[PDB]
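Visitor: Top line first, the protein sequences correspond to chains A and B.
Here the working numbering is used: the first residue of the first sequence is 5, the next is one more, and so on.
Here the working numbering is used: the first residue of the second sequence is 74, the next is one more, and so on.
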Amino acid sequence: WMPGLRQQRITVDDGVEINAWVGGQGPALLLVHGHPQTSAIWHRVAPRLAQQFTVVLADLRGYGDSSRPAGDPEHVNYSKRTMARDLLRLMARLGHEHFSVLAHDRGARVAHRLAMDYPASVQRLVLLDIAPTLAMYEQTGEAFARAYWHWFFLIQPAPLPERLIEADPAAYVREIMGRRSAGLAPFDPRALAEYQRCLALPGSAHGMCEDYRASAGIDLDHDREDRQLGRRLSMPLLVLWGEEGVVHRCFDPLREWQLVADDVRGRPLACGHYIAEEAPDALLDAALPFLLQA
Amino acid sequence: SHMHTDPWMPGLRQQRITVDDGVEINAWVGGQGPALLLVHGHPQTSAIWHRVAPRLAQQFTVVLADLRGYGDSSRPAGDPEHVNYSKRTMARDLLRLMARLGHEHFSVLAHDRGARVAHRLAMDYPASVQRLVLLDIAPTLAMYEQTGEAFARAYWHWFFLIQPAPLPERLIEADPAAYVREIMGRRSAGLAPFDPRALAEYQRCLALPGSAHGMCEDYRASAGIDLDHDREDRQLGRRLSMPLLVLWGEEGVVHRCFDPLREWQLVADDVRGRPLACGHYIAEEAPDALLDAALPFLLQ
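#1: Determine which residues of the segment 122-150 of chain A have a Cβ less than 7 Å from any Cβ of chain B, and write them out in chain order.
#2: Pick helix, strand or coil for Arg141(B), following the three-state DSSP scheme.
#3: For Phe331(B) and chain A, any beta-carbon pair shorter than 8 Å?
#4: At a Cβ threshold of 8 Å, is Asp225(A) touching chain B?
#5: Of all the CB atoms in chain A, is at least one closer than 8 Å to the CB of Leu279(B)?
#6: With DSSP run on the structure shown, which of helix, strand or coil describes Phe179(B)?
#7: Whose Cβ in chain A lies nearer than 8 Å to the Cβ of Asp248(B)?
#8: Name, in chain order, the residues that DSSP records as bridge partners for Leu111(B).
#9: Of all Cβ atoms in chain A, is any one closer than 8 Å to the Cβ of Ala238(B)?
#10: Ignore the nearest five residues each way along the sequence and tell me which others in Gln297(A)'s own chain have a CB closer than 6 Å to its CB.
#11: Under the rule that 16 or more other beta-carbon atoms within 10 Å means buried, what is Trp321(B), buried or exposed?
#12: Using a Cβ-Cβ cutoff of less than 7 Å, which residues in the same chain neighbour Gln203(B) once the five nearest sequence positions on both sides are dropped?
#13: Using a Cβ-Cβ distance cut-off of 8 Å, determine whether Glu282(A) contacts chain B.
#14: By the three-class DSSP mapping on this structure, what secondary structure does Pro348(B) have?
#15: Does the beta carbon of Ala251(B) come closer than 8 Å to any beta carbon on chain A?
#16: Contact check, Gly111(A) vs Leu188(A) under 8 Å by CB: the rounded distance?
#17: What is the C-beta distance between residue 4(A) and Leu91(A), in whole angstroms, given that I count them as a contact (C-beta under 8 Å)?
#18: Along the beta strand (DSSP E) that carries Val126(A), what are the first and last residues, could you check?
#19: Would you give the residue range spanned by the alpha helix (DSSP H) that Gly182(A) belongs to?
#20: Within the continuous beta strand (DSSP E) that includes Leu167(B), where are the two ends?
#21: Does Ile98(B) come out as helix, strand or coil in the three-state DSSP assignment?
#22: Please name the residue, chosen from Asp332(B), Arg89(B), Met82(B), that lies closest to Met216(B) on a Cα-to-Cα basis.
#23: Across the segment 288-302 of chain B and the segment 150-164 of chain B, are there enough close Cβ pairs to call them in contact, namely three or more that are closer than 8 Å?
#24: So, is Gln105(B) buried or exposed, given that buried needs 16 or more other C-beta atoms within 10 angstroms?
#25: Should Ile90(B) and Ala271(B) be called a contact, given that it needs their Cβ atoms to be closer than 8 Å?
#26: Which residues does DSSP list as the beta-bridge partners of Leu313(B)?
#27: Are three or more beta carbon pairs between the segment 47-55 of chain A and the segment 271-288 of chain A nearer than 8 Å?
#28: Examine chain B for any beta-carbon lying closer than 8 Å to the beta-carbon of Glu179(A), and answer yes or no.
#29: Counting Cβ pairs closer than 8 Å, one from the segment 267-286 of chain A and one from the segment 234-245 of chain B, do we hit at least three?
#30: What first and last residue would you give for the alpha helix (DSSP H) that runs through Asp291(B)?
#31: Within 8 Å (strictly less), CB to CB, does residue 324(A) reach chain B?
#32: Based on the DSSP output, what are the partners of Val319(B) in its beta bridges?
#33: Could you please give the first and the last residue of the uninterrupted beta strand (DSSP E) stretch that includes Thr91(B)?
#34: Cβ atoms of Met171(B) and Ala108(B): under 8 Å apart, would you say?
#35: Assuming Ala62(A) and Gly8(A) are in contact, meaning their beta carbons sit under 8 Å apart, how far apart are those beta carbons, in whole angstroms?
#36: Should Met196(B) be listed as close to the ligand PLP, given that the test is whether its C-beta is under 7 Å from any heavy atom?
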């Protein structure tokens with residue numbers, strides 16, 4: 005489990021600490037998970053990556069063992085701008101002013117904003133099973149709303165979605181993850197246990213829901229401003245999504261990324277949403293060449 | 074408008090009628106004149122009609138029915154295909170209810186889930202339904218087919234309550250009173266527009282054991298088998314033959330996200346309708362406007 009990596013906490017905001025697993029050697033590589041998971045998602049690929057990169061597997065705020073800050077009416081505290089600043093400062097305090105990013109689900113969205121807000125810090129970008137949040141909400145149809153129901157449940161005003169999550173957090177993890185195409189088969193027991201332990205920490209439900217609420221509000225304002233002003237990702241971008249997942253069925257991922265990024269390459273993989281755990285070898289085959297030419 | 078002093082169901086008596094095997098329908102029956110079935114929706118009960126029923130009972134024999142899974146009616150088990158709470162089954166419930174009360178031909182005033190039941194009822198038994206008034210709905214099939222960002226944001230439950238058990242049930246049963254308060258109150262005036270007795274009824278009845286699963290089964294059917302039946306009607310060119318009046322709230326989601334009159338014209342041959350200056354809960358927010366618009370239609 006995480007051979008060669010040691011867990012570290014770095015204060016990134018006033019009363020906000022980010023928990024991360026740091027190890028390896030070489031150029032810096034920030035690994036960012038999504039919902040409802042933690043840095044543990046990277047346990048199958050992190051050893052290999054650590055042979056040529058200094059890997060930093062970060063737990064987003066509200067997730068894992070990081071701080072669980074309070075929400076706020078406009079959802080600034082869990083905006084992608086704020087969470088991206090969390091990760092920028094994390095890498096800075098660990099001595100990495102320039103780094104690559106490998107990200108999944110919520111993390112990838114954070115990474116997107118990070119790469120727009122601080123382009124000089126992000127060398128390369130690899131985003132897993134996402135299309136841009138703004139396009140995904142704008143292009144919502146019946147199929148997407150049925151499958152990604154949480155994108156419309158978790159954004160509802162507190163305390164509703166929190167009631168659901170906290171009534172039975174372990175059941176929440178199991179139903180969110182096992183009702184997708186691959187079921188619960190691809191998840192290592194230790195990893196599932198981590199997701200459930202961390203999801204149960206106090207304040208987690210509200211933090212996750214605040215992330216979603218911002219991504220249905222203020223985050224879309226920031227993304228729309230970028231769109232209207234012609235501001236796009238400048239650095240090399242690799243986008244990988246699961247052929248068996250909702251993103252593949254309901255959107256044109258590569259097209260959507262070409263609209264908001266200038267140097268984009270990507271393709272589907274023979275798996276579902278949870279790429280790093282369902283298809284770690286395919287993920288590495290597709291991403292190591294790209295991240296190593298950086 | 075609503076006052077603690079207003080009468081509660083004056084002239085009506087509560088009745089339980091067996092309409093299916095182990096399924097009884099609770100209903101308030103009263104009045105004089107031609108028969109009129111009143112059908113509520115979610116997350117409420119027959120109590121929703123308490124503002125308009127005293128007046129209506131002056132010219133109709135009114136039957137305010139509690140849907141199965143709702144109010145004081147039975148809460149039968151679900152099933153993998155969601156037949157037990159399909160709109161076909163609930164419509165047959167109401168047909169049999171009116172039959173056992175001695176009414177083979179009747180008019181219908183219905184809201185929300187009840188209106189959807191009414192749609193199916195009027196399609197499956199057109200000779201029994203004389204006139205139809207449907208409140209703040211467009212047809213379920215068009216509403217799902219035309220889902221966009223705004224609709225999914227506003228009618229989030231249409232995509233939460235349909236998820237496989239036990240998830241939405243967990244939400245509802247963790248705090249049923251909060252579910253009612255949050256579902257109904259999310260607007261500028263909150264729960265003020267609902268008479269205290271009516272809100273108390275909705276909360277008491279939703280808290281009865283088995284309620285969450287029944288309501289979720291209704292929604293699941295409306296995202297599955299019900300849509301099979303409705304698409305079959307559309308493909309075969311079967312439409313509502315009797316007069317249809319559709320009234321929806323100008324301030325509600327249906328108005329914002331669809332063209333209700335057009336959508337009903339696609340599935341009915343004799344339709345008229347218009348928005349009212351209120352939200353979703355027409356019968357409680359604007360009882361006088363509701364009656365002004367509907368009594369002429371129901372009396373012809």
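Think of the CB as a built atom: it goes at the ideal place given N, C-alpha and C, for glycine as much as any other residue.
Guide: Result, derived from the coordinates:
#1: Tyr141, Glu142, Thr144, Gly145, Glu146, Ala149, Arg150
#2: Coil at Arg141(B), not helix or strand.
#3: no
#4: no
#5: no
#6: strand
#7: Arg167
#8: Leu137(B), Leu182(B)
#9: no
#10: none
#11: By the 10 Å Cβ count, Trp321(B) comes out buried.
#12: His178, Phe179, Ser180, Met315
#13: At a cut-off of 8 Å between beta carbons, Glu282(A) makes no contact with chain B.
#14: strand
#15: yes
#16: Contact flag wrong, Cβ pair sits at about 21 Å.
#17: With chain A running from 5 to 298 in the structure shown, residue 4(A) is simply not present.
#18: 126-132
#19: 173-182
#20: Premise fails: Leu167(B) lies in the alpha helix (DSSP H), 160-173, not in any beta strand (DSSP E).
#21: strand
#22: Across the set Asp332(B), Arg89(B), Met82(B), the C-alpha of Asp332(B) shows the shortest separation from the C-alpha of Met216(B).
#23: yes
#24: Exposed, since its Cβ has fewer than 16 Cβ neighbours within 10 Å.
#25: no
#26: DSSP links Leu313(B) through a beta bridge to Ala341(B).
#27: yes
#28: yes
#29: no
#30: 284-295
#31: No information on residue 324(A) is available, as it lies outside the stretch 5 to 298 that chain A covers here.
#32: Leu207(B), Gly346(B)
#33: 86-93
#34: yes
#35: The pair is not a contact, with the Cβ atoms about 17 Å apart (cut-off 8 Å).
#36: The model depicted lacks the ligand PLP and carries no ligand whatsoever.
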